[PDB]
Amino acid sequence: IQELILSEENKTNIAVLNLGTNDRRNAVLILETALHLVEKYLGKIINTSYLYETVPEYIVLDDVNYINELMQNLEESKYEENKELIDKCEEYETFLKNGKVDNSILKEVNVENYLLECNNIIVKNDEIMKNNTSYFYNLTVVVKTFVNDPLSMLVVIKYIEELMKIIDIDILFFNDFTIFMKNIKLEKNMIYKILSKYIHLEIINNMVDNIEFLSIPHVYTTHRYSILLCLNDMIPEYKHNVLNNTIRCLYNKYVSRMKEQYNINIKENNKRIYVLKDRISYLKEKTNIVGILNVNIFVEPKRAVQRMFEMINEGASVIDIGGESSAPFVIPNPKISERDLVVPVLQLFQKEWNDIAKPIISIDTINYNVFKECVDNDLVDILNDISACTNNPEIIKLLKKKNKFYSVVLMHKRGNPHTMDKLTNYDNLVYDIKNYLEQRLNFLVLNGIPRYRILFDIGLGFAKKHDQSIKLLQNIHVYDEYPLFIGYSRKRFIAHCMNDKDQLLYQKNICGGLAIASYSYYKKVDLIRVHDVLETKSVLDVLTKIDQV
């Protein structure tokens, strides 16, 4: 046993994990805590799915902050975290192609015997659930793991569950292994021996009976929509030996089956979630206003915070604060740094708020030093990185603490405010931008940023002719599966669509922006970045009322 389960040599395996909770109000905190412990005790998170609200799947053939106290009382992993950015992952590529990995230390079964044994568990379980309420919140994760084998991983996983005391963590795959092991009898000091390999130990009694069998792939992989739903996000092309098709085909048949033989439409009550700060947002259910706070003429901290408060009351859900202009052909005031403009205002807002519904704060920056200071001093919620984190990808390290994750807007542009209007050739405008953003998400997701925390922005007016900016909006449907953030507010292209002189075109432009708000409303754009919050709020309130039947 010590020769193989606890062998000296360090492996690099690929595991695919499923995460569940039943707590709606704390889902993010429960699941992101699980993610941290996974990242801490198992290896490196290299993929995540969206977060979903899922209808319970019991039959196949049809509130407290002790977590935060746990998070200051953890044993150290015997394995080191490396936060360095990676570009690729060999073992992961091998996993997906299904190619040649090490032999399993745990005895495998063939397809026939897997199918008989998986099948058996289901009928037993179906009739059990036949004889004898709340939504599930689900998430899948690919971990590049240093744990030797699936059984050892399940042990560590069980520890993670007891520590968190609400949470359910399943191993879906482990390399290309087919494993069915029926009557696991694990010794009280075997569990300790396993845990000690991976953790510097300072519960074990509970675990002994909790592992009765091991199935790889998990029994319910092909039988739960909610699982297939999550896997389709991460590994759509994957074909394990024990599966009839790729994950995408399996997901697709399941959608069309519920439609062609049950007339259900299964997507309707299995909602995709994104996360702006710490609450659940249902994808495509609200057009949130993001109020613009431009800090540069120098804008005084007190006046700027006044403007923030005004915006909250005008109905902004998110304030985007920026001290470095991206507007065409500008150059900043050299006398005063981005941080000097930005940080004081955010410090003053935090003081002025704490004296007293709290707006989410986004910082429009591409600069590591500025974002580091903001995050250290709990001043911000979201990075609005207009370079899609390409200017300094080290900024991605700042999006993860331990317990906490930060959300991020990824925007498309080329060049800078002086060059961008010239950088306007695209072979396939709509899809070049779309593919660029997906590629940027992939890189973030490979580097452990949760998928459901990443927002897409097409960068209107940035290296786009006015007709091109229009075409991007005409084809906004292309982002129907994704959290979407856009900024049209007061841009030159609005004016290009139109027919005291100086103050007149100013007005037509704000008024034209409200047409794009209306359009965004009907296209179900998740976030809109605007200067004129009150006007935008008035439009959206009325459009919302016309929809309440």
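Residue positions are given as counts along the sequence shown, with the first one as 1. Rigid core: the largest C-alpha set superposing within 1.5 Å between the two forms.
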Fit on the core, then compare CA atoms: does 69 to 77 or 373 to 381 lie farther from this form in 6 other deposited structures of this protein?
69 to 77
Between 203 to 211 and 284 to 292, pick out the one whose C-alpha positions differ more from the shown form in 6 other deposited structures of this protein, using the rigid core for superposition.
203 to 211
Is it true that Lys130 has no coordinates in a third or more of the other entries in the comparison?
yes
Look at the other compared PDB entries that model both sides of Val64, then say whether a third or more of them leave it out.
yes
Unmodelled residues of the deposited sequence between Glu202 and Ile203: none, 1 to 3, 4 to 9, or 10 or more?
10 or more
If I compare the deposited sequence with the modelled residues, how many are absent between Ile356 and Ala357: none, 1 to 3, 4 to 9, or 10 or more?
4 to 9
Mean Cα B-factor comparison, 412 to 420 or 96 to 104, giving the higher one as deposited:
96 to 104
Mean Cα B-factor check, 122 to 130 vs 378 to 386, entry values; winner is 122 to 130
Residue of maximum C-alpha B factor among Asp467, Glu75, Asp320, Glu394, per deposited coordinates:
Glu75
Identify, among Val28, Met498, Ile46, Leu514, the residue whose C-alpha carries the highest B-factor in the deposited PDB entry.
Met498
Once the chain's modelled residues are ordered by C-alpha B factor and cut into thirds, is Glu438 in the lowest, middle or highest one?
lowest
So, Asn232's CA B-factor, relative to its chain, sits in which third? The lowest
If you rank the chain by CA B-factor, which third does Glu32 end up in: lowest, middle or highest?
middle
Using only modelled residues of the chain, where does the Cα B factor of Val109 rank: lowest third, middle third or highest third?
middle
So where's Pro217 on the chain's Cα temperature factor ranking, which third?
middle
